[PDB]
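Data block below; observations after.
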There are 2 protein chains.
Amino acid sequence: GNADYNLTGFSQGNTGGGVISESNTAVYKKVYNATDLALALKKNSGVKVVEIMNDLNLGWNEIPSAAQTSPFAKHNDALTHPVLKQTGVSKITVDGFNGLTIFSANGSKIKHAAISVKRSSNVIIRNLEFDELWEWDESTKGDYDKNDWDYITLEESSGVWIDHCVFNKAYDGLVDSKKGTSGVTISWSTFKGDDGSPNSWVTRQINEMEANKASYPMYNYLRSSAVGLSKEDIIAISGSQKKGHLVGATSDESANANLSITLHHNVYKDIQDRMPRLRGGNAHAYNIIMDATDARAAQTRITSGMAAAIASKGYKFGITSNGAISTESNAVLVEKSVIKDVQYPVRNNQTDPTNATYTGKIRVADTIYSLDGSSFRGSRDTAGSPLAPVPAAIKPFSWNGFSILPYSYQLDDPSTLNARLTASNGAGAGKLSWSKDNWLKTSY
Amino acid sequence: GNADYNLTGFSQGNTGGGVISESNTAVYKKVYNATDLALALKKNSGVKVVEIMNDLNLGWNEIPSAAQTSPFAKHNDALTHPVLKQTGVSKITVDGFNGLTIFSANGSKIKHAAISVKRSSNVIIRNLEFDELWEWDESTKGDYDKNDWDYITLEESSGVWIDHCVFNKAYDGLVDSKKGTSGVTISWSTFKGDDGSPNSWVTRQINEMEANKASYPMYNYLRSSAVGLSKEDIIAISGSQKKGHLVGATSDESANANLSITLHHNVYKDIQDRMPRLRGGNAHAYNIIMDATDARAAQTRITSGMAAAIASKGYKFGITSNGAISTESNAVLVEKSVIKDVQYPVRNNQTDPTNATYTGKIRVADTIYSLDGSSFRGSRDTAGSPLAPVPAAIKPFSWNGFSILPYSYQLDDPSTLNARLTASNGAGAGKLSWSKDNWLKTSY
């Protein structure tokens, strides 16, 4: 039952904005447009609950002039997506809030904006879908290093629960946790790539370039006889999301040791990397799914000779196939999860395998794994395990600062997890239909 | 002016155990004896603040039986000091801590024990004096290569602030940083030798040998007609501390590139060497004093013919006169400091001056220097400077991995620095008397 939906993990104790009546207009704000949101989330507003009432199109050029002020700012410019070049892209900074809930009753969408949570505590964000924050990268040749658009970034914050949300493609990260942010739980959420339908977000981006190839040199090269990718090939390869969760963004900073995050009952569908990528702190994932089936299929479209031609011109275009990554003395435990078609599911050092300073600790327990039709269920520790950490000499697993995790939690069997998380009442926004006061609660 | 006491430098971002009330007994431990310390510093104890309440005598043979267990272990045996042969010497290993402050309210002493910090992050150590961890070396003939007793060793750790501490003689090093440890600041601290008073620690060691000369072949040789040193001469020459800070202990290890350390507002009185000695990484010293006046005086007791007689028998006994040393592609900047009676204040290659791989980068900016009554104020780099790096071909200075230091800081003028640091509210333990909660803070 509904206790399956309880707050668990490192965000334990977070009550957000509390249980507040919708009639308490001073502290419960119903948001219908960008101006309402700007007024509600203005620093020191004192607002405790923000109810998003409908989809919000929050790009810098489409919002009312009254909304073009803190907490909204113009983000880095859209350079390539025909829609985003019109709408613009905003960055909305939630700063200094202590005890805040942002939710919608029926899975409203947040489009064309990044959210940054800074210097805040006890923030709950639930039942929202995040979309239309990706575009093709010409400027940095496939590296996605310019726009810096991420759906949610947490900085120097404490106690954050993101739950029953859905995230689509992003130029950079989906949910990143930085600058010592502690007490994060992300649960019951869907992270997915583009599905390649004929009017998909990615297809719309590619169709624009196909009609004007000379204006997009990387795209033009990929389509040219030097490489030989079809437009359909490029849509398929571009469908998967390049980056999941960056937990600790700067190398060898001691504030990273304070990062803590729990991921559970989430689906990561065609996410190429960072589930999570950790530096220094403590991350626990249980009952998650990393299903990279479509990304793995897309990789079949790039042969070795094509890959050589792509890289020979300095372009990055292809499929990364990573799962969980622990670096820089971090601790990651994955348990009772399902991993499909991820080639390197368990990584312990990204920077220099013979420099132990860059190695993290990582362990996987009772997890189902499949690669190209293989079948394994077990741990990272048994001889020959396909979940063994690579590539550095292994640092024996232990948490950082405690012997056992400081919370209890309920575990499902991984063999039935895919059915549960992909059901009509599974992970994501707009799946759970109950009275809206339930979105303010943290246990059932 | 309490902001003068702010945490700065590479340990920025370290908050230690945080602000915790002394009434919060689960995580704030008052330590009166070795057993209390052993319980508080046991791996995974979860303790955040350790308040040392009084001087601690922590030798392996003097502590309670209940304290003879991890995190305490027996160190290498005392072979020569009459006191240490009775008390024994312990090694206390702080392992796996994240966010820990160890302090005392009034400058309590830690005696007869080495502290090793391993695999830890965000550690603060303040207002403690470290003493009685030196003895005469017969076994390695003056090399001090056997006992391996150091007051503090940091290994594979991140974020360490040592501040308002005092260090006396040690067999080996005072504070060493190893195995890729980064984010270290040492500030407002005193490092001093023995003062040669009639019951000083060094005098007690020499008196024991004077009464039993045949049992100490090196001491006996030095006193013999082959050399002609008096007991008083040997006490004076032994008074200075041989080694300061070893930052990177193994030649050409890739983890050395990750070492970072800031030294500031410290006094190094009669320290012969290693202020700091760096391999590979980055070290910044500002507003420090290296005052080797008494060591320089002691050197006058060894004439050329005496020195030749000492060396001819394979003994090392004398006065090294080094300051800051950068090796193996490391970067050391010293600025706004005072250096007195150090003959070789700036060194760039200890292992083989004809091999550039062993040369480090080093620069000194606006520093006051005096040798045998001379007077200079200036930099490393100007013609005829007595602060020029020796002895290898000079590598142009630059930091490793960054262009400018990743932190901001205020510089005092070196002309008033000696007065400031040797004042009643100057560097060292037992010097600041403010309410004890101030020892937990990192800014003022």
Side-chain angles (χ1 to χ4, degrees), chain A residues 1-9 163-167 185-193 195 240-241 244-245 261-276 283-297 321-326 331-347 362-390 397 404-405 407-429 431-432 444:
Chain A
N2 292 348
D4 294 341
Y5 299 133
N6 287 1
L7 166 63
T8 69
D163 168 88
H164 281 94
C165 291
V166 174
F167 303 82
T185 292
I186 310 178
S187 59
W188 288 103
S189 296
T190 295
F191 304 80
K192 59 183 176 179
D195 75 353
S240 50
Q241 166 65 18
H245 299 301
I261 188 165
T262 305
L263 307 176
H264 78 89
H265 293 86
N266 299 333
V267 177
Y268 296 93
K269 185 71 186 307
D270 302 313
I271 313 301
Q272 291 187 19
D273 200 5
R274 310 190 178 169
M275 292 166 284
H284 178 216
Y286 70 94
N287 290 157
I288 67 165
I289 301 179
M290 306 177 197
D291 184 340
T293 296
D294 312 304
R296 187 69 169 175
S321 197
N322 293 343
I325 308 108
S326 186
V332 175
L333 172 68
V334 178
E335 64 189 333
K336 301 280 184 186
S337 292
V338 175
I339 301 178
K340 185 173 186 291
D341 283 344
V342 175
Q343 185 167 348
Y344 302 99
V346 183
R347 294 186 77 83
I362 184 162
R363 170 174 289 180
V364 185
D366 196 26
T367 285
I368 296 175
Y369 178 76
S370 177
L371 179 64
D372 302 325
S374 77
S375 181
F376 178 82
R377 180 172 171 169
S379 84
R380 58 123 195 181
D381 301 333
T382 53
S385 173
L387 297 172
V390 305
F397 182 84
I404 63 166
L405 287 162
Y407 56 80
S408 188
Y409 55 99
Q410 182 85 10
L411 287 169
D412 302 337
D413 192 275
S415 65
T416 49
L417 191 66
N418 199 81
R420 178 70 184 83
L421 296 190
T422 66
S424 62
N425 67 330
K431 299 295 185 182
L432 185 39
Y444 306 94

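Computation of the quantities below employed the complete heavy-atom set of this structure, encompassing side-chain atoms and omitting hydrogens, waters and symmetry-equivalent molecules. All chains are named by letter (A, B, ...) in the order of the sequence lines, taking the proteins before the strands, and each is independently numbered beginning at 1.
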**Item:** Partner of A:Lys269 under side-chain hydrogen bond (donor to acceptor under 3.5 Å, both in side chains), chosen from A:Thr422, A:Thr190, A:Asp294
**Value:** A:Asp294

**Message:** Between A:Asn287 (side chain only) and A:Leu411 (backbone N and O only), is there a donor and an acceptor less than 3.5 Å apart?
**Reply:** no

**Request:** Apply the ring pair (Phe, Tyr, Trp, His ring centres under 6.0 Å) test between A:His264 and each candidate in A:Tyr5, A:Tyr407, A:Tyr286; give the one that qualifies.
**Result:** A:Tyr286

**Asked** Between A:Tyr268 and A:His245, is the gap from one ring center to the other below 6.0 Å?
**Response** yes

**Prompt:** Of all heavy-atom pairs between A:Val332 and A:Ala324, which one has the smallest distance, and what is that distance?
**Reply:** CG1-CB, 4.3 Å

**Prompt:** Relative to the ring of A:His284, is the ring of A:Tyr409 parallel (under 30°), tilted (30 to 60°) or perpendicular (over 60°)?
**Reply:** perpendicular

**Request:** I would like to know whether A:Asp412 and A:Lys336 meet salt bridge (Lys or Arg N to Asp or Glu O under 4.0 Å); could you show each step before the answer?
**Result:** CA-CA 7 Å; A:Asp412 302 337; A:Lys336 301 280 184 186; over 6 Å; no

**Prompt:** After noting the C-alpha distance and the side-chain angles of A:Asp270 and A:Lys192, does the key distance pass the salt bridge (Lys or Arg N to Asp or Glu O under 4.0 Å) rule?
**Reply:** CA-CA 6 Å; A:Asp270 302 313; A:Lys192 59 183 176 179; over 6 Å; no

**Prompt:** Step by step, would you call A:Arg377 with A:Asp413 a salt bridge (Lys or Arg N to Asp or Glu O under 4.0 Å)?
**Reply:** CA-CA 11 Å; A:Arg377 180 172 171 169; A:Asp413 192 275; 2.9 Å; yes

**Item:** Heavy atoms from other residues, nucleotides or ligands near OH of A:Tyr344 exceed 12 (cutoff 6.0 Å)
**Value:** no

**Asked** Got a donor-acceptor contact below 3.5 angstrom from the A:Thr262 side chain to the A:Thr185 backbone?
**Response** no

**Message:** If you apply the rule side-chain hydrogen bond (donor to acceptor under 3.5 Å, both in side chains), what do you find for A:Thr293 with A:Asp291, and how did you get there?
**Reply:** CA-CA 6 Å; A:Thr293 296; A:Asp291 184 340; 2.6 Å; yes

**Check: A:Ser374 side chain, A:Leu371 main-chain N or O, donor-acceptor pair, under 3.5 Å** = yes

**Asked** Any donor and acceptor pair, going by atom type alone, linking the side chain of A:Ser240 with main-chain N or O of A:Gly193 inside 3.5 Å?
**Response** no

**Asked** Just checking, any donor-acceptor pair under 3.5 angstrom between side chains of A:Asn6 and A:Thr8?
**Response** no

